[PDB]
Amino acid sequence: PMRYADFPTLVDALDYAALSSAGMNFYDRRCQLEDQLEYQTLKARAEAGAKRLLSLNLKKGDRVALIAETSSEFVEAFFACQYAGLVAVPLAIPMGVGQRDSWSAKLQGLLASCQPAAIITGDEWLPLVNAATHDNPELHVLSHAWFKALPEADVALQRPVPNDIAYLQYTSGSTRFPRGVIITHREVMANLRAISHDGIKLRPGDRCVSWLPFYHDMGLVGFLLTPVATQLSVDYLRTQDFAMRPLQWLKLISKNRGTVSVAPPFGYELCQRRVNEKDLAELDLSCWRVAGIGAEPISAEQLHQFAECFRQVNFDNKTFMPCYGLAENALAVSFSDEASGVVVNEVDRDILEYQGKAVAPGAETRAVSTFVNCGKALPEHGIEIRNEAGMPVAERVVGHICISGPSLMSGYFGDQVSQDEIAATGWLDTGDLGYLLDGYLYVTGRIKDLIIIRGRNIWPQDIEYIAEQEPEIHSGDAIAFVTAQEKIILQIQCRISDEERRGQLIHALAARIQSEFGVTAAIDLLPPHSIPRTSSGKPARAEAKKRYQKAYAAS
């Protein structure tokens, strides 16, 4: 009997789901069931774990760092935290090895920011953990085995209340400035309620499919918590397994008649880029009811490519649902209409760059940007476009996207200023640029990423697009930003070995951009993969901008 995130507390939520027959299903890279976890069972393992955790003399409010793998182990640990009233803090594994020194610097800052009293990890990362917590004595380091091996602290489990902290979301900080989003039970529930009942609009019989990491915002709140608060089943792939065989995602959907799934723009592009007939041989995608896109500025153009690619296996493009969100609001902020397909608004590009206004292309329009409709505000939540000064602007005026309502965070963990402002105004400036049209939000990009030169602004992605036209360059391979000396740099990480082609493409690209944009850009060909992402899994444009700046000061 379905309930739409109805509950006060995540523990309440799960208590109800342990009464269903649904659960999670972990699949290997060949879509083979590798491990299963029923909610009924999850509740038990969570209660027991909650008591084990307490035997460690950990007090309510205390933080427990989890190494967020896509695993039955991690899920249990996470709810074990909720039930034990401890604050869960999901951390990302190492981006590999060789980046494993990058990781430790990151990890130590995470620890300085929230002082976890314990950290549960899988064996694989156990060495690394110990080698990195080298100088945090006050930290218990538990393998999942040692953790499962603990004694039930003989105590009566206290039920959590709405205003308790449920978990901290760290994707929001840099390696230099770690920021922790505080999410209370009330807040994560408000959003879960919004998503299930108002945004996505789930139905009985729906079934989710995710390949997203639990360490990112989307994967976790959208795909661990939402199937739990909705008593709906879900199937996971590992994020790395998808990266290597994209089509295994569509496979999984078609295999179990999957219904709902959401990925970033590139998740969709990766697929259509690397599909082959052998792959289309299994696929039937009529069951796919809602295909969501968000996390980064959506490319209408791509999504069209993808839909065109999979019409033949029954992908309905009307199932597309562009949506918008951030961690600072738990997850979701807006969703495109039900059964909408991608809806776009075209604008005179020059009017946007020069006058910061979204107007419709006229007879004299010479350039056009396309923005994707990301929906209207959710029930009880507000979305407002404000300018520099903090004053609300009209429709079609681009400015700072500001949000408010129950989902809003409490502030950054430890940050008094952040909590004070939110407590005072009830509004948060997301640091994203956009505008409204007939109440729908159009997200154009991050204020941080915007290329600001004399008297006009350019959207870095409009320039990077020109680079992605080349066969060798893909989306994300190219980063654009403006140096502090007002010189525009375009960095491109690529596998082009031929020295003749390098020179050829650099010269062609320079020209093509000075034609299109009236700006001369410095093409920087880098090695792959030489530019990596931020903690939220997007292109670190701003980070690359300073790396370059700091570098250039060595002159």
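All residue numbers are counted from 1 along the displayed sequence.
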Test of understanding: from the entry's C-alpha B-factors, which stretch has the higher mean, 442 to 450 or 121 to 129? 121 to 129
For the stretches 347 to 355 and 269 to 277, which has the higher mean C-alpha B-factor as given in the deposited record? 269 to 277
Which one of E464, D101, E328, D217 shows the top CA temperature factor in the record? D101
Given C374, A88, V260, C114, the residue at which the Cα B factor reaches its maximum: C114
In terms of the chain's CA B-factor thirds, is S286 lowest, middle or highest? middle
If you rank every modelled residue in this chain by C-alpha B factor, which third holds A295: lowest, middle or highest? middle
Once the chain's modelled residues are ordered by C-alpha B factor and cut into thirds, is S336 in the lowest, middle or highest one? lowest
Hey, what third does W146 fall into on Cα B-factor, ranked over its chain? highest
Is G414 in the lowest, middle or highest third of its chain when residues are ranked by C-alpha B-factor? middle
